4 protein chains.
Amino acid sequence: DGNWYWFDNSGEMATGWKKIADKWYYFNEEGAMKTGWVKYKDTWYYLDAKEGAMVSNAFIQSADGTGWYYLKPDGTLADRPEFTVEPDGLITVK
Amino acid sequence: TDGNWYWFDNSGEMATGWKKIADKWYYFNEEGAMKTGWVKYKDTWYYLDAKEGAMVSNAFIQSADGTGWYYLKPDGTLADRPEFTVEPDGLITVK
Amino acid sequence: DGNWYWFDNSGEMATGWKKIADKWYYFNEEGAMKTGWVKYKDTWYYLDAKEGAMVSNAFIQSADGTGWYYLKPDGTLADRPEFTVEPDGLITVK
Amino acid sequence: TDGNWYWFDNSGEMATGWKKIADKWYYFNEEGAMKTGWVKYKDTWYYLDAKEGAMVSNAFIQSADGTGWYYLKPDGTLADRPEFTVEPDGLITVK
Ligand SMILES: C[N+](C)(C)CCO
Ligand SMILES: C[N+](C)(C)CCO
Ligand SMILES: C[N+](C)(C)CCO
Ligand SMILES: C[N+](C)(C)CCO
Ligand SMILES: C[N+](C)(C)CCO
Ligand SMILES: C[N+](C)(C)CCO
Ligand SMILES: C[N+](C)(C)CCO
Ligand SMILES: C[N+](C)(C)CCO
Ligand SMILES: C[N+](C)(C)CCO
Ligand SMILES: C[N+](C)(C)CCO
Ligand SMILES: C[N+](C)(C)CCO
Ligand SMILES: C[N+](C)(C)CCO
């Protein structure tokens, strides 16, 4: 097995976050593209397990299948305090 | 023109209210006209695919104004506030 | 079991072809919506087995799984003489 | 900026040519750069998903000019004229 890497036209190897053709990918310090949950500077993001792209404004099923986590439009995971569920059930996040 | 879809069984009986056809659920009003969008069925809300009429279930659908989302349980019913338990790390649970 | 029917706002029951909200459906003479292959006035069309809508500009797998039939943009089935397969393999239809 | 995707195995060997990763096929040029779009591999043509790089198979894809379609066999190879047998009623068969 192995991993995916990315090098811009100038030969620079991508490490960390990198916008690649309208999508965002996260590479560890060695350049290896990461998939799944990633904690970057005390903040959580979710990278598609298939093509590795960051998911945003979406709900992703918990591991224990007990519930869902919401990823804000910028990709960051929303905390409980950020939610305001209105009486009818409308889920709002800040 | 404009109109509505209806379903009559082989016996000739016009479908009305909830009806399960070919493994999908549909809701017809009192006049047999297939409903789409939000439908209130005795205190609870449901959502029928706006384009195909089948009841949506276990899905989050964006709000009309786009300000938030709504969640439809696996039984089709719309989860209202009392049913939510948003855990501290953000894990959303519905019962 | 039963079938789907359609009545416009004026109470007229649809029979034959009917454009319904950007899609086309075929109803037999008794009003019952048809799905699958349909022969109308010596010409073949294919109505989606799921939602009954006519498919156009698409290839649909044969029953015997031996090949595919091509439905032109207007929904009608293309005959052999209508095809011109270019050397590289480009499939063109008239 | 602009650039290219590459794949190095855990051993450090740069993937080149055809490579099957996580159950999908990809094609890297001589410089290890992942190819997308049409690729000629020894007399035959293949098509790699323009957005994700994986080889398309058993699929009809619209032509660039939109004038016709192309068919990719289940093994990825592009079917050329000699392989087509269009039956009289319109049944398209490929071998
Ligand atoms: C080492 N690589 C060839 C992968 C980078 C481009 O120079
Ligand atoms: C990534 N986890 C879901 C495991 C942490 C809680 O956010
Ligand atoms: C309360 N609902 C939002 C479900 C009905 C539409 O107004
Ligand atoms: C009057 N209908 C044709 C709708 C009933 C027989 O199915
Ligand atoms: C006939 N169906 C109800 C299945 C299609 C919705 O337009
Ligand atoms: C799930 N349904 C509400 C559609 C069935 C009970 O009538
Ligand atoms: C007989 N229908 C009620 C189904 C048609 C509308 O008048
Ligand atoms: C509808 N059939 C495919 C059976 C006839 C040949 O076009
Ligand atoms: C012959 N192909 C069309 C497959 C190559 C692009 O020109
Ligand atoms: C130089 N690389 C980091 C690309 C090889 C080790 O996997
Ligand atoms: C990293 N993948 C090659 C899987 C995504 C294509 O952009
Ligand atoms: C189907 N492939 C051509 C990708 C495998 C043989 O190398």
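Read the numbers this way: they start at 1 and go in the same order the structure lists the ligands and their atoms. Reminder, nothing fancy here: chain letters follow the sequence lines and each chain counts from 1. No hydrogens, no waters, no symmetry mates; every other heavy atom, side chains included, goes into these values.
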Under 4.0 Å from ligand 9 - residues by heavy atom, chain and number: C:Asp88, D:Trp38, D:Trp45, D:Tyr70, D:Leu78
Check for a donor-acceptor pair, side chain of D:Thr16 on one end and backbone N or O of D:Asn29 on the other, with a separation under 3.5 Å. yes
D:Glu52 neighbourhood, listing ligand 11 atoms whose heavy-atom distance to it stays under 4.0 Å: 3 (C), 6 (C)
How does C:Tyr5 reach ligand 4, if at all, at less than 4.0 Å between non-hydrogen atoms: by side chain, backbone, both, or neither? side chain
So A:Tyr40 and A:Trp17, would you call those rings parallel, tilted or perpendicular, with 30° and 60° as cut-offs? perpendicular
More than 12 non-hydrogen atoms from neighbouring residues, nucleotides or ligands closer than 6.0 Å to CG on D:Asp43, yes or no? no
Neighbour count >12 (heavy atoms, 6.0 Å) for atom CG, B:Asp65: yes
Atoms in ligand 11 with a heavy atom of A:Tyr25 nearer than 4.0 Å: 7 (O)
Not counting sequence neighbours, which residues clear salt bridge (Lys or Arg N to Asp or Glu O under 4.0 Å) with B:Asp23? List them please. B:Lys20
Interfacing atoms of ligand 11 (cut-off 4.0 Å, heavy-atom, D:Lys51): 6 (C), 7 (O)
What do you reckon, is NZ of B:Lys40 surrounded by more than 12 foreign heavy atoms closer than 6.0 Å? yes
Neighbour count >12 (heavy atoms, 6.0 Å) for atom NZ, B:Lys35: no
Please state whether the rings of A:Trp37 and A:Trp44 are parallel, tilted or perpendicular, taking 30° and 60° as the class boundaries. perpendicular
Heavy atoms only, cut-off 4.0 Å: how does A:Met33 contact ligand 11, side chain, backbone, both, or neither? side chain
